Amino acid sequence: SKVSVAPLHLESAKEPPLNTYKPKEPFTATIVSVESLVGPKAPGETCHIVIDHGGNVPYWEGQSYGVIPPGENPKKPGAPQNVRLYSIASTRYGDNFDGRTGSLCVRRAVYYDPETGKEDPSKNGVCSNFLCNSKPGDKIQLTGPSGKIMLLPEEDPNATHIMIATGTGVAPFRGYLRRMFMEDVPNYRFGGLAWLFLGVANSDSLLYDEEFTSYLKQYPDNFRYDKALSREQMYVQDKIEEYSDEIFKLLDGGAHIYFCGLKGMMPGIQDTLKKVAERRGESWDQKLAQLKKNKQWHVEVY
């Protein structure tokens, strides 16, 4: 049942690519598809964008692409816009299983007057709206890839990976999980435990839910999946708390734990972890220092 992927030479590099393309000479990639991931009751749109890089901008799971949106830099006359980074949401083979495309999971940044709700196109986020407004055949200026914080540690194919996402923070984990479960990668046969926790606003805001639910049926002994709906139920930290003893035992046994999404997710998580630890009679500060020393703690928030 795993999906054949090509070309297998993408497994041969011993280090991830970094800064293959730079802002002064980006790679001009082409949009394959853009689709909304969310339903009518979601508070805003999050879209899935598939980009054809032609095999010219390969990457490893957990890396980011840069995108240079069109127009002048408003702060620097006659200069290009600054790069915006996006976590790649695909495996290195991409959604067409061919090594030619990568995907992004992009939240539209829209401004609303806090009193009146009135819009202002000069205040929306440039790159996120550029991307979600894109159509097949459109060109995008791609840079990178960049980043190493979120590379998947593969030395132990039986490791445990606890993945904590809010919103678009799911992106690297979609790539991890396809590599672990979906794709036929003969040199990486995952036999550990992957546990995804996802916090979103409501059921219509869920991202890739059918995919993750399918892994529960395909790999019941290797995958777990828990959701938190803040407006319906509940934050992701409340779900960690529900499983606190299991999680703390996995951490003590060597599990990796990952956090990705908007940085506002982290204070509540740190508060919860401190309280859980205290109830167990442990110091969260001591435990976190040990997790960081042991290279178990991975955070990419923005």
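The first residue of the shown sequence is 1; numbering continues from there.
Deposited sequence between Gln233 and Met234: 4 to 9 residues lack coordinates.
Looking at 198-206 and 176-184 together, the entry lists the larger mean B-factor for 198-206, computed on C-alpha atoms.
Higher mean CA temperature factor, per the PDB entry, when comparing 207-215 with 83-91: 207-215. Residues shown: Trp60, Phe27, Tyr65, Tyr243. Highest C-alpha temperature factor in the entry: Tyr243.
Based on the entry's C-alpha B-factors, the most elevated value among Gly261, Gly55, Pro69, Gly268 belongs to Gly268. Ranked against the other modelled residues of its chain, the C-alpha B-factor of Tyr112 as given in the entry falls in the highest third. Sorting the modelled residues of the chain by their CA temperature factor places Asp120 in the middle third.
The deposited CA B-factor of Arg224 belongs to the lowest third of values across its chain. Annotation for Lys239: CA B-factor lies in the highest third of the chain's modelled residues.
Ranked against the other modelled residues of its chain, the C-alpha B-factor of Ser128 as given in the entry falls in the lowest third.
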